[PDB]
Amino acid sequence: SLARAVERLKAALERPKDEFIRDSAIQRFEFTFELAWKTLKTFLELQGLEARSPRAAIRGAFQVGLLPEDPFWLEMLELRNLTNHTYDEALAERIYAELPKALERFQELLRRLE
Amino acid sequence: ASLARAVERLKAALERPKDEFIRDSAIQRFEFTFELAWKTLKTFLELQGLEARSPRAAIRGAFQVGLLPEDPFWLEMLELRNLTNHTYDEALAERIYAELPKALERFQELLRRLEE
Amino acid sequence: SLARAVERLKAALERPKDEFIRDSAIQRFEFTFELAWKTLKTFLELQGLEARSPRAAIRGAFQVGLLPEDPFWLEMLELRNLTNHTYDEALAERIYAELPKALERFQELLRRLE
Amino acid sequence: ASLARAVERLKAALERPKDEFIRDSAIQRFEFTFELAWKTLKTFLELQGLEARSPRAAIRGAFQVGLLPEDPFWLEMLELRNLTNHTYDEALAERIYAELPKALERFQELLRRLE
């Protein structure tokens with residue numbers, strides 16, 4: 001349920017920032033981005049389009065006019081990749097700073113998805 | 001990066017009263033700490049003159065050289081690491097969180113072994 | 001450069017076969033396969049996927065449509081792992097007999113990387 | 001597996017005029033000879049009751065029991081082995097190759113002593 005995931009990410013971002021809320025927001029962005037590109041695949045495969053990768057799935061969402069040409073999605077893909085190295089706290093802060101924008105794109109995806 | 005610092009961060013989250021947020025940040029800390037731990041095993045094995053192109057290989061090599069006690073729980077940790085990516089399923093997140101105190105013990109033992 | 005690596009592997013396999021040419025070809029297959037799987041890893045990560053091990057990267061290239069589903073890639077992986085046991089000259093010969101086929105795959109990879 | 005035949009192969013490659021092919025064949029030969037050598041040292045040390053679970057510990061063990069004389073080049077050979085995996089960089093192939101004559105000598109000493 002992409003919607004539930006998104007709600008969890010929104011709840012973390014709602015709380016006052018401390019290192020635990022920050023890290024919890026990042027963990028939630030991780031599973032939500034995963035569930036999201038997976039759902040874009042499920043959707044693109046219907047209209048006969050191949051995904052097999054988050055970059056391909058995002059690129060397809062732009063073609064089938066689903067999502068609008070928003071380069072932040074590819075930026076989000078990089079962030080999800082950087083979440084592996086969050087043993088670097090300065091990096092964790094950098095990712096966290098982009099989560100609000102990230103949440104915006106997930107919510108716009110839920111609408112356009114239904 | 002400091003493995004000690006990653007382990008400390010994980011320890012700080014496990015000592016706190018549990019709630020959804022504390023839970024998810026502990027899982028998040030288990031993720032980069034594990035990531036850093038196998039990378040640390042890889043570097044060590046390579047200094048010994050051995051190779052490890054995967055976390056699985058790094059762990060088994062660590063057993064082989066004695067850098068880690070033969071402990072089947074490390075292999076399970078590798079599996080838990082792969083599962084963190086599907087935590088949109090809270091039941092799974094609760095199952096992972098309950099294994100972290102055990103995971104912490106392993107990281108701490110690795111830290112001890114590494115400075116000998 | 002993977003291209004220059006493949007180039008060196010080809011130069012060796014075009015030479016008439018004698019033990020020195022044989023062992024140099026095996027040596028060139030090692031670093032070429034090494035540079036090869038790391039190349040895939042870099043690619044997959046850019047697509048938003050994870051490539052932990054050589055087997056992961058190969059399997060990832062398959063699903064992502066980078067490499068065609070060719071079981072020979074996995075066989076090349078095992079030959080890679082047997083290369084330092086070549087004190088066994090019979091093994092050395094067996095690996096060499098497979099290099100022309102390996103080369104095809106490398107060249108195939110170079111072209112599918114555009 | 002005969003470590004003697006491995007050394008011999010390394011020796012034969014280093015005796016021929018150098019060219020890109022002879023160079024890489026010598027590197028490939030250094031590669032399996034070092035593999036066989038440390039495994040061989042491992043067998044020897046464990047018959048004496050010592051742990052030798054890695055090329056490093058084998059080398060260290062060899063120095064302890066006196067099999068091999070204190071020689072820092074052995075650990076350098078260990079590192080040269082780790083490097084053979086990155087010879088997609090031709091400059092590294094030349095560095096490694098330049099160190100092989102010396103390497104052959106240590107392998108030759110090991111043999112003589114293992115005797």
Side-chain angles (χ1 to χ4, degrees), chain A residues 1-42 53-54 77 79-96 99 102-103 106 109-110 113, chain B residues 1-43 54-55 78 80-97 100 103-104 107 110-111:
Chain A
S1 170
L2 181 60
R4 177 62 209 308
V6 177
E7 147 181 276
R8 283 219 279 153
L9 200 232
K10 180 184 180 300
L13 298 179
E14 203 72 57
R15 299 263 54 64
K17 180 196 165 186
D18 69 27
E19 52 176 288
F20 301 104
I21 298 300
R22 175 199 68 204
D23 287 352
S24 75
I26 292 178
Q27 205 284 315
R28 298 179 172 200
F29 157 70
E30 291 176 9
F31 68 60
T32 294
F33 177 92
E34 178 66 3
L35 223 183
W37 86 272
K38 205 64 59 170
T39 302
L40 283 174
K41 186 184 181 184
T42 296
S53 108
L77 176 169
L79 292 181
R80 192 279 281 276
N81 269 170
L82 293 174
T83 61
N84 292 300
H85 310 68
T86 45
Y87 35 73
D88 172 326
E89 301 175 67
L91 175 66
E93 288 293 335
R94 254 131 53 202
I95 292 175
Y96 179 85
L99 294 190
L103 175 67
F106 288 141
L109 168 59
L110 277 312
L113 194 51
Chain B
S2 174
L3 182 57
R5 176 46 181 166
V7 173
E8 175 177 52
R9 287 177 64 192
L10 172 61
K11 180 184 179 191
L14 291 182
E15 296 203 330
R16 289 190 176 290
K18 176 199 186 184
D19 76 18
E20 56 167 345
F21 305 112
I22 280 296
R23 179 196 64 209
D24 293 353
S25 65
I27 295 170
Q28 211 285 306
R29 287 166 179 208
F30 160 71
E31 283 180 55
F32 63 71
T33 292
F34 183 85
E35 182 59 23
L36 206 52
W38 85 273
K39 286 178 181 292
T40 297
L41 296 174
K42 184 177 195 293
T43 301
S54 68
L78 168 52
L80 288 174
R81 205 302 172 186
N82 297 162
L83 290 168
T84 70
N85 206 305
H86 303 297
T87 42
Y88 31 87
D89 172 351
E90 265 177 353
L92 177 62
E94 291 289 342
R95 206 258 286 185
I96 292 179
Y97 178 90
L100 300 180
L104 216 204
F107 294 128
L110 167 56
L111 287 175

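For the numbers below, each heavy atom of this structure counts, side chains included, while hydrogens, waters and symmetry mates do not. The sequence lines fix the lettering, A, B, ..., with proteins before strands; numbering per chain opens at 1.
- Taking non-hydrogen atoms and a 4.5 Å limit, the residue list of residues 33-41 of chain B in contact with chain A, ordered by number, reads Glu35(B), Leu36(B), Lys39(B).
- For the residue pair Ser24(A) and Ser25(B), the shortest heavy atom distance occurs at N-CB, 3.7 Å.
- Nearest approach of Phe32(B) to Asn84(A), heavy atoms of both residues: CB-O, 4.0 Å.
- Considering only residues two or more places apart in sequence or on other chains, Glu90(B) meets the salt bridge (charged side-chain N to carboxylate O under 4.0 Å, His left out) condition with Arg4(A), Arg8(A), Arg23(B).
- To the nearest 0.5 Å, atom CD1 of residue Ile27(B) and atom CG of residue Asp23(A) are 12.0 Å apart.
- Side-chain contact check for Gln28(B) versus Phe20(A): every heavy-atom pair is 4.5 Å or farther apart.
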